[PDB]
Structure formats: structure tokens, C-alpha cells
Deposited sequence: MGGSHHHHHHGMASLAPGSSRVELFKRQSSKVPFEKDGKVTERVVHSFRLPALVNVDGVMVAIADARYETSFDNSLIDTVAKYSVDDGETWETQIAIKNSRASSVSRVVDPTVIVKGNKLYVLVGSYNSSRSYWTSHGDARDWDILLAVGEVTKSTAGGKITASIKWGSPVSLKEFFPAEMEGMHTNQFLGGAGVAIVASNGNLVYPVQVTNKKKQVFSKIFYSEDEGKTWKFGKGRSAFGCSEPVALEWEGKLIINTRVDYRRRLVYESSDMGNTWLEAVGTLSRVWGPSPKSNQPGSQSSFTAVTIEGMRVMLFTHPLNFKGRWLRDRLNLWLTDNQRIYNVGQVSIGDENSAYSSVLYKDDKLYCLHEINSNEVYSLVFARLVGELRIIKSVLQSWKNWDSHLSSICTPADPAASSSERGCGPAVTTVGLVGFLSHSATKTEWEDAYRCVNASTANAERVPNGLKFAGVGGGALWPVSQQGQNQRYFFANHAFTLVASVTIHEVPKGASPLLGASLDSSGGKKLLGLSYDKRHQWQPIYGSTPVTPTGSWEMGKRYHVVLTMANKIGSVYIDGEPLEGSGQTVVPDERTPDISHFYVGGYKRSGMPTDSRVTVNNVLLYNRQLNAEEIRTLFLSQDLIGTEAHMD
């Protein structure tokens, strides 16, 4: 990450805090700092975390610490924001979850007195309470300098707002999701929380306040069981709740009603991020925020790749998305260091990250200036803005006809390419190629093993195109140069590595007929094609039903079921211009230009517009 730098701000076994017991205060060295939350309150940076005094073990002596800085993190003041009960050597306030409103810091923590086991193992609520503290931030210009101060009020218990029963079950305990929460546009304070029932199941809900934290309510809905440490943001009027699932892919939900109803975001972010290369290890806390960079509203997300496994969680990664495309900014941590939990802040056009580093179960929080990362972010964002503008600005055949649609446009293969890759104009996911000749706005393919492969499940740990299993539209322009000896592939979605089992696709045969493929259904050839003519192809799949269009018209027999019901598809890849498989005997001799991938089924007018503007959309001349 060139240009980037960091310091060990909360330094393990070294940094001191003001430890208060029985009216006496003493500067005390801390063993480990975990659970970072980094915010901006009216120009003052505030960093909140767990201060684990004697060991990094979860069930041990822990206070909530705060450092604050009025100089962008070059110098800091240190406090204890919330102290534990002092009842035993293992008394602790935990998973501090932060909201900023005006000059106030609202901090929600669980509080435990003497238990030696993790909260989810508790058969009862006897050792638990749920507390809220408010910190008031004031600034002074006396002396020609800026001096900040933070007055932490005494914590108040919110237990009276926790109902004994919820949609059937009996409740046990609840905690904030850790890190940073939000104020909704309507002004509500909004905490995504993790909750236990008497069966020891864990699940996530929305815990919110309409009156500045005086009283709290729960939404009636919930995630599925197994979803912990939830993190939420507001996007286009809805909450987006991104959850941790140990040993499984992360689940993402949307709610428009403060959590009364939760819908899995299968068409965008759900099931995209895996907790380890094989997605069979513990998950992690994540930073997940909505911000505006160069006038464009976007989302930033962090999660470790966990190549090592168990809870080591090396290789902290940062991600950028506009709820359509998803781009890997890259690794924030350094080398193979262990680096699990994190908080990303964007303030006055500069990007910072406070994150953990773990050596032998001893934890520091480093404070990094993400210079290189914001540079890459701005570049990608300008490319998204560039191509969206390019498409939207085309005067379509008609005056001008309807604008080409960029709503839900995720990927686009056009003029840019290299020897073995067809480049995504949106810079997220490229297609691998074989036997391909570059031509204007695309590629010409020839011979056994020829074609392009656009990976879906082959993406591996992080699957940006998971939405296609639920709905998509794939568009391309195709020209056939030679009559084939049998049926040959042009374009499709493959359910296995070879392209043998297809979800939806289009082939062409020796009798000059098209062969559209609907799932495992028997194939009936139809229509007619000529060598050399450029054809417009559109494949749509939504609500388990697949359609194929040529030149803006449905192939006779389109609209057939392509997936057995309740059974969800796992697409391997999209194939284009061949199978790109030497094992597959076919020889597709064809030119493909301008491949577009959308995360929804386009309507009739959108399809017709794409058909009518085929020769206008290439990237060749605006480069």
C-alpha cells in the first residue's frame, strides 16, 4: 500500500489507562486492546475499545477505553469511558457499540460480574446487564488553540426494555454488535444487536430509540439462527444488516421498517463474503459504513481472509461497493500478521483504519493512514462514473429514444483486453480467455478449447456474482463465421466446471438453427441464422424461469422453468464464445462484442433499446 503509514496507538503491555477503584485512580498498563470503534465527533477523532488488563481471554477484567485527538491522530488524550463493576477479577463491560449524534457519543455495552464462560453458553441471565453510557464532547479555542474534552456520564441499565418473550421463544441475553452503529435519517438511534434464547440459539435484531436514548424498542423480525455480531448502515431508505456466521458465508439482510421485517439480500451482497478460503472457519467482526466520496454515495466493508484458520484471522481486506459492483481495494494489514477486528473512518477526505494486530494472543490496535487505498478507491470510482455516463448519454435510435439502462449493470466486457483476459470495464471481475484474437469492442474465437470464462462460484472465497443464482440478464452481440459440424456453444450459464450441465444458454447448429437450452429440458432447435450477420443475444433468468432473445424477440418456447423449486442453483461460471475447455470437443468460430451483466431481469423496453443501440455502446472510442 504505497503512500500509506501506521503507528501502534493502543500498544499491548505498554499503553496505560486511568484505572479507578474505590475512589482512587492509578495509571495502569494494559495487556491487550480489542474491539476497535473509530469515529468523528464534530472534528474530534474518538477511538473506543476494550482494555483487557491482564489477559486477552474474553472472560477477564475489562474496562471500555477512549482515546481522542483534535489533530487527525498525531496526538491523543486517554480516558476510561465506562468502568466495569469491580465485583471480581473477571468483571467486564464488553463489545462496546458506538453511535454519534450531535456532540454525543452513545456507548452500549454488556456488563458481567463473575462468570468464567462465554455469554452464549449461559443457561440463565443472573450474571448479565445491558448498559448505555453517554459522552459529551466539548471544544475550546482558549489560548489560540483547539482543546477538546469528553465528560462521560454514569451508565444506565436498559434491562427494562428487554421482553421475556419474542415471537414464540423466551429470551436470555443481548449485546450490541460491536464497532460503530448509526442515526437513521428519521433521527432514530439504531443498534443492530445479537440476542440469545433459552435454547442457546443466537440471532440478530434491531434495537432502536425514537427519543434520544430515553426508551428503546425491538423490531419484531430477526435474522436466521447462527447470525452474530451484526453491523448495519442505511442505504436508499433501508437498513442493510451484514452479519457474522461462524463456519459459513456471511448473510446480509434488508429492512425498511426498523426491523419488523427482514429480507435476505440475495440479489446484492448476501453470501458474497466467506470467512476463510474454504468457508469452514470462524467469522469476524466487520466495519461497514456508507459514505460519499467525490460526490458518489458508496459502501465500505472490511473482513480478514483467514488463510491460517481458527481465530487467527490474518490478512485484513477492504472492499468497495455501490450495491451493484463489488471491488477488492486490497489488504490493509501487513504481511501474514494476525489482524481480525477493524474500524474504517473517512473524515475530511482522508481515510483511516484502526485495527487489531495479534502476536501470541497479545493484541494491539494500530491506527493507519490509508493513503494508497483512497487513491485506488477514487480511480475505480471515476471509472464507474465514466462508463455509466457513457451509456446513459447515448442518443438511442428513435430525436432520441429511451436511454440505455445502467440500473443494476454489474460487469461489461468490451474493447479492453490482454493476451489471456477480457477486462471488466467496471474493474471488478475479468474473464479468462483462450484462442482469442482482439477485434474492435471484443474478441474473435476459434478452435477446440476456445472461448472466454467469467467465473461465478469459481471466484472462490469471495463471490461477487452470487446474485445470478437468483436473477440475471446476460447480453452480447455475436457473429458466426463457419457452419459447425454439430451443436456448438455461443453463450450461457454453467452449473458445472465443464459447461456440460447448463442452467440457461444458447447454441447454434449445422442446419442453421438456434438451440436454446433451458436447464435439463430436452432441446428443440428453432428459428434461423445466417453466417456473418451480427445478432443480438439476451438471456434472462428470474423467479426460476429462463428466457432467450435474438434481435429483441423471444425464441419460440422461451419462458420455461430452469430450476426445480426450493432448490437453489450454484452457477460455476458464464461461458462466452466457446466453453474454454479443451476437453469439450466443440469448435466455436465466432466473434463476440459488448457483453453486459445485470443483477435483475430487464424489461421489454430495456431489451429493445439494447438491441437498437448495439453499434453505439462499445468502449473503443471513449478511451
The deposited sequence goes unmodelled at 1-15, 414-422, 648
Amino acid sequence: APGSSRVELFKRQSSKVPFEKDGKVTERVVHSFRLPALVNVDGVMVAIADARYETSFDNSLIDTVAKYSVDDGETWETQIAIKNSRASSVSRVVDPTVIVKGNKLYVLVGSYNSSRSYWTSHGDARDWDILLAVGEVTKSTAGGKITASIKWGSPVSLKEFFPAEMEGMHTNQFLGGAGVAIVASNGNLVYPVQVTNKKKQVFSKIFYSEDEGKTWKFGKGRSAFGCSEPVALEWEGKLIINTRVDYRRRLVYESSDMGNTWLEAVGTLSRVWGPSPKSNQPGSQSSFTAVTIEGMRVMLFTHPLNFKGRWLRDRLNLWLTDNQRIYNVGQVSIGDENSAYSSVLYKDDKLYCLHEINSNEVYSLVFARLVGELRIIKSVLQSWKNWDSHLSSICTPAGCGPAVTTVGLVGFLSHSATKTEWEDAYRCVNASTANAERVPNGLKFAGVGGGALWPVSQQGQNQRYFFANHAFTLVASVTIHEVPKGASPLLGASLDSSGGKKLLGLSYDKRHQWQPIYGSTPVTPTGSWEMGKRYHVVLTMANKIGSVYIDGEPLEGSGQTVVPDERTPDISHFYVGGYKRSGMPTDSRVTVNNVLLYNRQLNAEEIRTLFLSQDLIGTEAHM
From here on, numbers count along this sequence of modelled residues.
As the entry reports it, the stretch among 553-561 and 591-599 with higher mean C-alpha B factor is 553-561
Comparing mean C-alpha B factor in the record for 290-298 and 516-524, the higher one is 516-524
In this crystal structure's PDB entry, the residue among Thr433, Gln463, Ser342, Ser364 with the greatest CA B factor is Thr433
Per the deposited entry, the peak Cα B-factor within the set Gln194, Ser117, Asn469, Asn386 goes to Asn386
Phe203: CA temperature factor from the record, placed by chain third, in the lowest
Entry-reported C-alpha B-factor of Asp570 relative to its chain, by third, is highest
Entry-reported C-alpha B-factor of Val17 relative to its chain, by third, is lowest
Of the three thirds of Cα B-factor ranks in this chain, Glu229 occupies the lowest
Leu491: CA B-factor among chain residues, third -> middle
